[PDB]
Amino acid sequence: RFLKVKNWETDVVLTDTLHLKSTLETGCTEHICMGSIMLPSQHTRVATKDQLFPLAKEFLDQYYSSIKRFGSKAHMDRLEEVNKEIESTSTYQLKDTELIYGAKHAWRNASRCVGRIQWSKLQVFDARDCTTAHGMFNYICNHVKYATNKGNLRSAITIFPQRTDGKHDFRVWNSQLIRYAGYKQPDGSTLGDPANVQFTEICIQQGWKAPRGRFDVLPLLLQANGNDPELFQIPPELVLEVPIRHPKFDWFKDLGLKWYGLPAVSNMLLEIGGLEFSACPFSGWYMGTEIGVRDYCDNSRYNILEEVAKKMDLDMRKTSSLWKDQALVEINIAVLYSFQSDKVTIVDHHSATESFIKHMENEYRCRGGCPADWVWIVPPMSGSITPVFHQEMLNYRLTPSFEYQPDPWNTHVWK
């Protein structure tokens, strides 16, 4: 009942009691493991009043347990206070203090996140007073500006008002606030970013006028209080981009690539004490592999191993010349280099995996465990030369949490 995880590079052993507080299910049963299914029906996100008080209760009991007032009159009164508001309006509202707590712990509990060492250093912007798509654009712009901080990136989250009835719903329709457009061509091939070609279309549907190129920063599509979403373009001066050069190959400039400094995931759902925030964009800084490995080299993303290997003059006949591997290490040295020569915050996959282990240490010491998803923590290149390859991680789902949710244009009862 008090499980043990081992590291096989260091012969280090930690004990995990934190999983006893766990609540949600994981997809796995006694007779099957779903640890590699992408979006289980568990990780995807309508709640009633009887269901709501336990969740409000359980969350408040840990929030007061964490300020050294577990069970006092401050705790009890707030328990009755929300119990009362839950009678009155069937739902309730979070204190400013409870929002910062819940927010930070959704990150802290995010088992697929390698960078959680920074979870307490998080900036919470309360956008619960927002009412229009224009209001959302203004909060989101102030977020971009703040988190970007001149490439000295800072973590932040902006929390639009919680889902209520369920049809009056705030959503950012973009996957990330900053993403390049994706355009199909005549021959079927794809200019820009193949990932977003669906979204680019709905953008031009609603009225976007695309500069049909590669690294076209998409506009924002903002849905407010259930209304139909509206297009807004972030000021270009607030979209910090990094041109990708290499510290050897002078043709790497002619490759012509660039990426945005700020990764800002916007399309997911923040759960706090049983309340659902459908729009809650959060940002940090990039790990180099997210761009150099996945973005640039996924077959169905930018797919540049073709072109890079060419310029390197590479044995591209044989599969086993390892030319793909060769051009991937070069591509990732260049992303890191380019980002660092511009003083834009980036972390290499070795630094970040080492910290996640140092992080795992503190989570097991001062918290009794740390949920972690190996499939997603291991960087997607040079896996076993990073230290997390050899660390056993127990995955389990605590709360407060971040949950996937269906895309709006599928669910949105239009016009």
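Don't overthink the numbering: it's just position in the shown sequence, from 1.
Decide, for the other PDB entries of this protein that were compared, whether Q42 is missing from at least a third of their models. Result for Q42: often missing, at least a third of the compared entries.
Gap size between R45 and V46, counting deposited residues with no coordinates: none, 1 to 3, 4 to 9, or 10 or more? Count of unmodelled residues in between: 4 to 9.
Using the B-factors recorded in the PDB entry, average over the C-alpha atoms of 21-29 and of 397-405, then report which stretch comes out higher. Stretch with the higher mean C-alpha B-factor: 21-29.
Segment of higher mean CA temperature factor, 143-151 or 83-91: Stretch with the greater average CA B-factor: 83-91.
Quiz for you: based on the deposited Cα B-factor, which of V114, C130, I204, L99 is highest? Comparing C-alpha B-factors across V114, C130, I204, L99, the maximum falls on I204.
Highest recorded C-alpha temperature factor, please, choosing from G284, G273, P161, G188. Top of the list by C-alpha B-factor: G188.
Within-chain third of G192 by Cα B-factor, per the entry: CA B-factor rank for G192: highest third.
Within this chain, which third does the Cα B-factor at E241 fall in: lowest, middle or highest? Ranked within chain, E241 CA B lands in the middle tercile.
Lowest, middle or highest third of the chain for the C-alpha temperature factor of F70? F70: CA B-factor falls in the highest third of its chain.
With respect to C-alpha B-factor, does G368 fall in the lowest, middle or highest third of the chain as deposited? It belongs to the highest third of the chain when residues are ordered by C-alpha B-factor.
Record-listed C-alpha B factor of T289: chain third: Lowest third.
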